[PDB]
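Only one structure is covered here, and it is reproduced in the block below.
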Amino acid sequence: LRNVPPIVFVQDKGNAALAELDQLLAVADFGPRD
RNA sequence: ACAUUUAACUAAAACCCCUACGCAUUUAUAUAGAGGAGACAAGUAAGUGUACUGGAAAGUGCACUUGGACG
Ligand SMILES: [Mg+2]
């Protein structure tokens with residue numbers, strides 16, 4: 001790009017929620033074949 | 001281009017040329033028409049030179065500058 005504005009690095013907060021939900025769904029009991 | 005006569009027992013008389021200027025030359029004024037300047041009135045950074053496109057506004061190509069940015 002001919003001109004790039006200042007770059008700010010922001011932490012992506014949303015992905016952590018999905019990661020935690022996945023680490024929980026891994027160990028969950030859902031019932032008999034359902 | 002153009003030319004020395006009379007007179008002279010004291011001394012005098014006589015004297016007269018033709019060519020230029022124009023459909024030339026210089027500057028100026030008036031006038032058809034055309035065109036300017038001024039006044040009034042109301043994301044691609046920025047430039048220089050040059051070139052093309054476009055009715056314009058502008059866009060793009062090549063080289064150059066920081067009189068920009070890069071915590
Ligand atoms: Mg140019």
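Residue numbers start from 1 in every chain, and the chains themselves are labelled A, B, ... in the order their sequence lines are given, proteins ahead of strands. Side-chain atoms are counted along with the backbone in the values below, which use heavy atoms only and exclude waters and symmetry mates.
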Conformer about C1'-N of B:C23 - syn within 90° of 0, anti elsewhere | anti
Where does B:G43 land, syn or anti, once you apply the within-90°-of-0 test for syn?
-> syn
Answer yes if A:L21 and A:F30 sit in the same cluster of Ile, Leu, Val, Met, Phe, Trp and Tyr residues linked by side chain heavy atoms under 4.5 Å apart, and no otherwise.
-> yes
So, do B:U10 and B:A11 stack if we ask for centres under 5.5 Å and planes under 30°?
-> no
Specify the separation, in whole Å, of atom CZ of A:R2 and atom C1' of B:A46.
-> 14 Å
Rounded to whole angstrom, note down the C1' distance from B:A28 over to B:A51.
-> 46 Å
Any A:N3 side-chain N or O less than 4.0 Å from OP1/OP2 of B:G43 = no
Report each atom pair, protein N/O against N/O of nucleotides 62-64 of chain B, whose distance is under 3.5 angstrom.
none

Watson-Crick/G-U partner (both atom distances under 3.5 Å) of B:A28 | none
Sugar-phosphate, base or nothing in reach of A:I7, heavy atoms under 4.0 Å | base
Pair assignment for B:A7, Watson-Crick or G-U wobble, requiring both distances under 3.5 Å | none
Here the gap from A:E20 atom CD to A:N15 atom CG, rounded to the nearest 0.5 Å, amounts to 11.5 Å
Mind checking the P distance from B:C17 to B:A3? Whole angstroms is fine.
-> 14 Å
Sugar conformation, B:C17 - torsion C1'-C2'-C3'-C4' sign | north
Please state the P separation for the pair B:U27 and B:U48 - nearest whole angstrom.
-> 43 Å
Distance between the P atoms of B:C2 and B:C15, in whole angstroms?
-> 22 Å
Who does B:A20 pair with, Watson-Crick or G-U, both distances under 3.5 Å?
-> none
B:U44 and B:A69: how far apart are their P atoms, nearest whole angstrom?
-> 15 Å
For B:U53, what is the paired nucleotide under Watson-Crick or G-U wobble rules, both distances under 3.5 Å?
-> B:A58
Check the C1'-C2'-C3'-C4' sign on B:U66 and let me know if the sugar comes out north or south.
-> south
Distance, rounded to the nearest Å, where A:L1 contributes CG and B:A45 contributes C1' = 14 Å
Is B:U10 syn or is it anti, if syn means the base angle is within 90 degrees of 0?
-> anti
From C1'-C2'-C3'-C4' (positive north, negative south), B:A24 puckers north
Could you check if the base of B:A42 is syn or anti? Syn means the glycosidic torsion is within 90 degrees of 0.
-> syn
Could you measure between the two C1' atoms, the one in B:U6 and the one in B:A14, and give it in whole Å?
-> 8 Å
If you measure from the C1' atom in B:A7 to the same atom in B:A11, how many Å do you get, rounded?
-> 9 Å
Pull up the glycosidic torsion of B:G59 and say syn or anti, syn being anything within 90° of 0.
-> anti
Rounded to whole angstrom, note down the P distance from B:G68 over to B:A46.
-> 13 Å
Decide between north and south for B:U4, the convention being positive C1'-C2'-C3'-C4' for north and negative for south.
-> south
What pucker does B:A42 show by its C1'-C2'-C3'-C4' sign, north or south?
-> south
Give a yes or no on whether the neighbouring nucleotides B:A32 and B:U31 have stacked bases (ring centres less than 5.5 Å apart, plane angle less than 30°).
-> no
Could you check which nucleotide pairs with B:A63 in any of the strands shown, counting Watson-Crick or G-U wobble with both distances under 3.5 Å?
-> B:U48
Any strand: nucleotide that pairs with B:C2 via Watson-Crick or wobble, under 3.5 Å | none
Is there a Watson-Crick or G-U wobble partner for B:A69 with both distances under 3.5 Å, and if so, which one is it?
-> none
